[PDB]
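Number of protein chains: 2
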Amino acid sequence: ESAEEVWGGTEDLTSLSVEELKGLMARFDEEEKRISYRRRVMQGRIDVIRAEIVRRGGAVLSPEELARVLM
Amino acid sequence: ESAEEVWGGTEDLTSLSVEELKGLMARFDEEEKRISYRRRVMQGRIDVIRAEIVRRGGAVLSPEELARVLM
Ligand SMILES: [Mg+2]
Ligand SMILES: [Mg+2]
């Protein structure tokens with residue numbers, strides 16, 4: 028019923044009607060956008076945090092640890 | 028106790044210890060990675076559906092409706 032279920036319960040792409048594919052695309056395009064928003068929020072948080080740590084002198088964290096988020 | 032709450036509840040960035048800074052960066056970084064993976068999955072699906080629709084033709088949709096996902 029949900030896009031996920033329909034998509035998942037399909038073994039053959041060609042069995043899907045155009046109405047289905049249209050509906051699925053819109054659904055996934057919608058989600059993709061909601062997911063990207065979430066990514067950007069995470070990136071912002073990571074961003075603010077890395078600047079705060081750098082502001083304090085980097086602690087004793089090497090530049091590469093800061094850039095790779097190894098901790 | 029969850030990162031979501033410690034972070035949502037912080038008024039002043041400078042009030043956060045360095046220990047908790049590192050914890051939050053670590054949590055959000057991994058979250059960022061998981062979210063990016065889903066994005067990529069969605070894009071993979073939109074890609075598969077868009078190819079399928081193109082393959083069939085039928086002028087069901089105009090090039091700009093396929094491209095902007097205007098159903
Ligand atoms: Mg920055
Ligand atoms: Mg393709």
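From first to last, the protein sequence lines stand for chains E and H. Add 27 to the 1-based position in the first sequence for UniProt numbering, that's all there is to it. Add 27 to the 1-based position in the second sequence for UniProt numbering, that's all there is to it. Don't be surprised by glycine CBs; every beta carbon is placed ideally from N, CA and C.
Open item on the list: What does the Cβ neighbour count give for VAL45 of chain E, buried or exposed, with the cut at 16 atoms within 10 Å?
Closed with: Along the first sequence, read from residue 1 onward, the residue named residue 45 of chain E stands at position 18. Per the 10 Å Cβ criterion, exposed.
Open item on the list: Distance check for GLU59 of chain H and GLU79 of chain E, CA to CA, integer angstroms please.
Closed with: The count along the first sequence starts at 1 and reaches residue 79 of chain E at position 52. The count along the second sequence starts at 1 and reaches residue 59 of chain H at position 32. Rounded to whole angstroms, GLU79 of chain E to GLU59 of chain H spans 19 Å at the Cα level.
Open item on the list: One question on the structure: do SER63 of chain H and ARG66 of chain E come within less than 9 Å of each other, judged by their Cβ atoms?
Closed with: By one-based count along the second sequence, residue 63 of chain H stands at place 36. By one-based count along the first sequence, residue 66 of chain E stands at place 39. The answer is yes: Cβ separation under 9 Å.
Task: Proximal residues, the region 63-79 of chain E versus chain H, C-beta separation under 8 Å - done: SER63, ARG65, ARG66, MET69, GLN70, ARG72, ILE73, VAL75, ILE76, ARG77 and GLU79
- [ ] Could you pull out every residue in the same chain whose Cβ sits closer than 8 Å to the Cβ of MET98 of chain H, ignoring the five residues on either side in sequence?
- [x] For the purposes of this step, residue 98 of chain H is taken as the residue at position 71 of the second sequence. Counting only Cβ-Cβ distances below 8 Å, and skipping sequence neighbours, we find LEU88 and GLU92.
Open item on the list: Between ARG77 of chain H and ligand 2, is there a pair consisting of the residue's CB and a ligand heavy atom that are separated by less than 8 Å?
Closed with: Locating residue 77 of chain H in the second sequence gives position 50, where the first residue counts as 1. Result yes, Cβ under 8 Å from ligand 2.
Task: Residue-chain proximity (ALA53 of chain H, chain E), Cβ-Cβ < 9 Å - done: Counted from its first residue, the second sequence places residue 53 of chain H at position 26. Chain E, which has a Cβ nearer than 9 Å to the Cβ of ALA53 of chain H, makes this yes.
Task: Assigned secondary structure, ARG72 of chain H (DSSP; H/G/I helix, E/B strand, else coil) - done: The residue labelled residue 72 of chain H in the question sits at position 45 within the second sequence. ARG72 of chain H falls in the helix class under three-state DSSP.
Task: As assigned by DSSP and simplified to three states, the class of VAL96 of chain H - done: On the second sequence, residue 96 of chain H is found 69 positions in, with the first residue counted as 1. Note: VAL96 of chain H maps to coil in three-state DSSP.
Open item on the list: Going by DSSP in three states, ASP56 of chain E sits in which element: helix, strand or coil?
Closed with: Residue 56 of chain E sits at position 29 when you count from the first residue of the first sequence. The answer is helix: DSSP assigns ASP56 of chain E an H, G or I state.
Open item on the list: Relative to the C-alpha of residue 115 of chain E, which candidate in H:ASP56, H:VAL68, H:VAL81 and H:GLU28 has its C-alpha closest?
Closed with: Here chain E has residues from 28 to 98 only, and residue 115 of chain E is not among them.
Task: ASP74 of chain H CB to nearest heavy atom of ligand 2 below 8 Å - done: The residue given as residue 74 of chain H occupies position 47 in the second sequence. Indeed, a heavy atom of ligand 2 lies less than 8 Å from the Cβ.
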